[PDB]
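structure here, sequence nowhere to be found:
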């Protein structure tokens, strides 16, 4: 089956969409992807997951906690209260603590 | 005979019945249209009056020069035995009013070259069958756990925590602390 | 003339050929259907018998109330 | 059109009711590429009832190909059912002198 | 097309005005895959008014499937309304005296026959292959030919006339045949109109009179064109008074370059003035190209 | 075909022009499952003009069902408009001896 | 129906129909059945139209019995001027015999009196063939081998500039090269054979499918073509389908193509077969 | 101004314009021998630009002489506009015999003929073009290349992307055959095959399952399940050479996985220099199905639409038969004056339509004449009327024949009706009958009246005594069995129920 | 249109240009107008399905 649309394709489904593909799904998008989901997003694979972006990657929530894989190579792990673990985007490996204690448990031979 | 201009519908098969008109009554100017017979039986429908059942025994090719619209008041079910190839030159916008349950037997390759944004309101979990995962909690808790039970904890319930599970840690290539 | 009630298929273009019937033989009551000519040629197909090739030069709007 | 168009002589036109009918004087030749053309028309019969105002004639009975509309841009005039005796007498006298 | 096209016999074509109509001689078969095909057409009626220019006949009424265009690639020629009594007298007298083509005249009349009606010949004695008059070659007769179309003769026509005249020339004599040459005449007329004709009617009448005057049948090859004769031919139209006439940018008689050159008037400009002072200026080119 | 096929006797065939016409000698029975088979044909008229080369006859006027093509695998020969007197004399003399 | 161009078949006859002549057509509803492939139906003969009708009863004589048949032209004399001197077509003759008298009734009447080549073709594959050597695919005349000396050695071999093998030509005609090779279309040797040159077909068929073309300056000859589609006297252009390499009905169901033509025609023929531009 | 003419007019402007402006709009204001363009208002003011009397003006170098010569054929040229300059150039192409050679892509001859009009174009056999205004580097080949580039540019603008599955043909009766052998499906990517008929018992005496004699040298094969006559392309993987075989036999040996069995000739056809198919008993081949087809070409519906449109314009034209020249005294007027007591003479008029004569002894000539309505019933017409009353329709019909109309009532307004294969009298009869009217003819004038029980204005009374000789009164019962369909229409029978 | 110029698709008449004027905005005052061109056509208004 082949489908060629010289303009825009608009799909409006009031019910539930089921897609069952036995082969490979290849998506080549020449623009952007804006995915807005009101419910959950549960992705499951059983061989591998590959996430690649030439630029920056940000995984965040409304709580203000995020994992940022910088486009310059910086790595930033931030929690809601503002404690940060940083690696190296042309700086130093820094464990910013916001003036709060850090705990080691079952520490063996640090 | 066709209903539309640029429609080329599948032809009648051998031994199928058609109705033939003769323009100006000439036997040499005949125009046909297939009918429902037995070599041409009726397709199965839930509602024989309102439902549409179509089968194509060859390839199906639709080309639309202008925009396309599709409204489904119920469920849309797609079953493809081979590959699905989607090529969009513009932006792709999907708004889902429910959940997304994506089950893939093979790999998942996601490639972009500008930015990736993953955002939720609650918890985000990236886990494997090995029991190793990254949990970015909805309350701001951060958990980095491996298979054997070594975890780095940040967030709120506890303080900045590094559970080592009774295993030694290290700092290779260390200049200054 | 249409095959089903709620489809409004594209109309024949200017200079395209159609076949016309006259209800009760009246010249003022004519009903048409497009045919395959050269101003209305055949679309390219791998198998002309089983395959379906359709082109729309405008928008395509399909609305389905049920599944 | 790509070729010259001809509205034939004696082409019948009428008003909305169809009771008043005019006929073209001659052949009207609309040259290739042009769409509009003017000609003169004469009433079907004599009498003052054919003196009609502008934009009063808009129907033609015979449907010709590529012909869209017809109108009159001038009120019909000089429709008469016979001149007076005094005007005839004056005309006769002026011929004498 | 995937099949071979057929333009039927007697296919009618016409000019833009629609008054001149030509009909195809026979059926034309354009083989499948070709896009063009040529065939001869004949005028609807006799007369010199059908002698039209190239590409002047392109309108056709009956439509054929996939037929895109039709046009005459050759200017129609040999339109004749008839012959006068003196022409018929000459035709009768030549039958009286053509026994043994011996003089210049005799030779020319024979060559004009068997080459067509509307052609021309010029017979010159003792003219060698160099075409130089001062070197006479006894026993040599040189023929110069203008074909039925009014152009210098095609080699096939030369061969045909040679074969025709071979069993009629004196034994031992040498017959040379070559095409004729054409001298182009460009006219400029300044004349006063008496208003008895319109400017367009005057121009048409003058053009017709000059086309009659410069007919190769009415012209003697190698003889000078006399400007007084041209003025008389122009004025015989009537309804005008000639003020000035130029031929080839001068007012003097035009001598032909050699013995075998025929005049062929190509361009004429009109400047007609009436009593009221209206100046009508026009220009007509009659031949397709200088070397035609 | 699933059944035996019959090309009937006196079946008219011709060349591309249709001027030379042959007719089959008898019924041709193509057995079930077989597709392409052969039979003898005779010219419509006497004369040497019907002697034609192989692959020259390929048209048949009556369009029969399931029949696709016809050809001639031999050049048609022995078309004659009457023998010579000398050959007849020889034939007569040979009978005697 | 294929083009929908609404072609007209005859000059209209709007005689005594009205003064308009531009709003009506003066015809019927049912068209005539068209008989020819491309030509249109002939105009009504007119000799079937009666303009005069004459009833003739006469005392039967022997001459009026043997010479009075519908195949003769009647000439009635000593009568009205419009009857005298005209040929009357006998519609019918009747001979009655009620008693010793023979009576004749004659119904008679008077008839009314009076491009270089094709555009595009599918790509072909050309395989040079020799009786001894193996058949090899070629792209031009330069790569090939000359064919054998056929039935009396009409071939002679010369040496040319770019040919990788001796060039074969007819004896006495260096210009006229002769070759034997196999055409192919998608691997099929029963493909149609496009014409190698434009000209007039002068002779077809014969012992071995000889198509002969008169190009105006030379002759192009082709051998071993079956199912010839061109007739003698026909005009063909470059790329016209002259016939088939091998017939479908198993007429030995295999052979090559023999071609005699000059060097330029053969080179352009191979180039057009390979490229598809004609 | 198709792409060909457009490209040629560019090839002309490439050398006949001012430097730097060959495709620019400003090049339409070029001046010969000068890089300065003339006034923009001058090209529209009308006539010909007077600002430079002697110099050549325009994109194509023209003077007032060429302008007048063009106006001799195209009088609509009133000013010197880019459209008007293009039309003048097209006229010059027409007159110099450049169009016939340009329309069939003979660019050498087209340039040769155009060299007589434009001095910058070289001629055939002379790179001076019968003049000496040919610049350096200007040759016929360069002009051809420029024309090809311009034509390609013009064609690329309206280049489509659809494909055509059919091919144009001149006539519906005419038919054409396929030209390409298209692969349909792949029977087997790789299967083992063997050849039969070589050093075996299979000779020309055997019969194939087709019913044909076996030709071992033929390109044929036996397949297990394909129908006879199926064309199978067999490709040998060793040399990548493919040959099309025709399935005729069914095969005797079954073996395992043996779909096809080639003949000896078919196997020999697979051999290539250095690769002998017969050398290897078993060939690993690929099987495909091919079929005769029409090659798929570019869609030409856009050109076909233009062709249909121009044919539609051309068919509507005066192509009728001329009047027949018939010198005779037959069709004249018959005027009859008749009286019975010489008190008054009654006059009637008819048209002569027939004549009879008995010649032998009974010198008798019989003349027959008919009313003028016979003129209306002579020719069958096809026409349509819309928005016309009964009186208007009758008036037009009578005016078509020079008759007079006498009808007091206008009648109803007919909105849409078609006269299909009917004479004018028949159409008038139908229209008057459907409205309850009837016609009558006297002399030249046709009168239309209402069919009412009280319509005879004058009354004439006679007595049976002393005047009449016969009187037969008849009465019949109405029935649908007899009469015509119109008779039962006038009775109760009618289609009362109709569909909107 | 007589003048061709560059990028000139339309040329309004004097009355058409005057019809574009509004209180405080004279179209004739500005020789060149930056305008948007659309094609309109007589139509039957789209109503609720009955």
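Yep, it's here. Numbers count the residues shown, from 1 in each chain, chains lettered A, B, ... in the order given.

stretch H:346-364 and chain G in contact?
Yes. Contact of stretch H:346-364 with chain G (CB under 8 Å from any CB of the partner chain) involves H:357, H:359. All C-beta spots, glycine's among them, are computed from the backbone N, C-alpha and C.

cool, stretch H:249-260 as well?
No. Using CB under 8 Å from any CB, stretch H:249-260 stays clear of chain G, coming no nearer than 11.9 Å.

what packs against the longest helix along chain G?
In chain G, ranked by residue count with DSSP state H as the criterion, the top helix is helix G:263-275. In terms of contacts (3 or more CB pairs under 8 Å, 6 or more residues apart in numbering or on different chains; DSSP states H and E), helix G:263-275 is packed against strand G:125-128, strand G:173-184, strand G:257-262.

could the ones you listed go into a markdown table alongside distance to chain A?
Shown next, in a markdown table, are those (distance: least, CB to the nearest CB, whole Å):
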| stretch | distance to chain A |
| --- | --- |
| strand G:125-128 | 31 |
| strand G:173-184 | 32 |
| strand G:257-262 | 41 |
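
of those, which is nearest chain E?
Nearest to chain E, of all the helices and strands packed on helix G:263-275, is strand G:173-184, at 18.0 Å by CB to the nearest CB.

pull out the buried residues from that closest one.
The neighbour-count check on strand G:173-184 (16 or more other CB atoms under 10 Å in any protein chain shown) flags G:176, G:177, G:178, G:179, G:180, G:181, G:182, G:183, G:184 as buried.

spatially nearest residue to the second one (excluding sequence neighbours)?
Setting aside the residues directly before and after it, residue G:177 is nearest to residue G:169 in space (CB to CB, 6 or more residues apart in numbering or on different chains), at 5.0 Å.

give the helix, strand or coil label for residue H:94.
Secondary structure for residue H:94, judged by DSSP: H, G, I helix; E, B strand; the rest coil, is helix.

show me the contacts for it.
Neighbouring residues of residue H:94 by CB atoms under 8 Å, 6 or more residues apart in numbering or on different chains: E:54, E:55, E:56, H:73.

repeat that for residue A:97.
Neighbours of residue A:97 in contact, by CB under 8 Å, 6+ apart: A:83, B:160.

quick check: the gap between the residue most central in space within chain D and residue H:283.
Residue closest to the mean C-alpha point of chain D, counted by CA atoms, centre = their mean, is residue D:41 at 2.0 Å. According to CB to CB, to the nearest Å, residue D:41 and residue H:283 sit 88 Å apart.

ok, residue H:189 next?
Where residue H:283 is concerned, residue H:189 sits at a distance of 14 Å (CB to CB).

who's more crowded, those two?
Taking other CB atoms under 10 Å in any protein chain shown, residue H:189 and residue H:283 do not tie; residue H:283 has more neighbours (21 against 11).

state the number of residues packed around the closest residue to chain I within chain D.
Nearest residue of chain D to chain I: residue D:68, at 12.6 Å (CB to the nearest CB). Residue D:68: 7 surrounding residues under other CB under 10 Å.

quick check: which element contains it?
Assigned by DSSP states H and E, residue D:68 belongs to neither a helix nor a strand.

can you tell me the closest non-neighbouring residue to the residue of chain D at minimum distance from chain A?
For chain D, the residue closest to chain A is residue D:2, as judged by CB to the nearest CB, at 31.2 Å. Distance criterion CB to CB, 6+ apart; nearest residue to residue D:2, sequence neighbours excluded, is residue H:313 at 5.4 Å.

chain center to the helix or strand hosting the one you found: distance?
Secondary structure from DSSP H and E places residue H:313 in helix H:301-315. Here helix H:301-315 is found 7 Å from its chain centre; the criterion is CA atoms, centre = their mean, to the nearest Å.

and it, what's buried?
H:301, H:303, H:304, H:305, H:307, H:308, H:309, H:310, H:311, H:312, H:313, H:314.

Three-state assignment for the residue nearest to residue G:177, please.
Under three-state DSSP, residue G:169 falls in the strand class.

so what's it bridging to?
On the basis of DSSP bridges, residue G:169 is bridged to residue G:156, residue G:177.

for residue G:211, same thing?
Taking DSSP bridges as the rule, residue G:211 bridges to residue G:222.

how many neighbours does it have?
25.

surely it and residue G:228 touch.
Yes. With contacts counted by CB atoms under 8 Å, residue G:211 reaches residue G:228, the gap being 6.3 Å.

overlap of the contact sets of these two?
Shared contacts of residue G:211 and residue G:228 (CB under 8 Å, 6+ apart): G:204, G:242, G:243.

using TSV, lay out the residues you listed together with distance to residue H:41, secondary structure and neighbour count.
Listed next are the shared contacts of residue G:211 and residue G:228 as TSV, based on distance: CB to CB, whole Å; DSSP: H, G, I helix; E, B strand; the rest coil; neighbours: other CB atoms under 10 Å in any protein chain shown:
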residue	distance to residue H:41	secondary structure	neighbour count
G:204	70	coil	23
G:242	64	strand	23
G:243	68	strand	21
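
and those residues near chain C, which?
Residues of the shared contacts of residue G:211 and residue G:228 in contact with chain C (CB under 8 Å from any CB): none.

which one of those is nearest residue H:388?
residue G:242 (61.6 Å; CB to CB).

contacting residues around the closest one?
Taking CB under 8 Å, 6+ apart, we find residue G:242 in contact with G:193, G:194, G:195, G:211, G:222, G:225, G:228, G:229, G:230, G:236.
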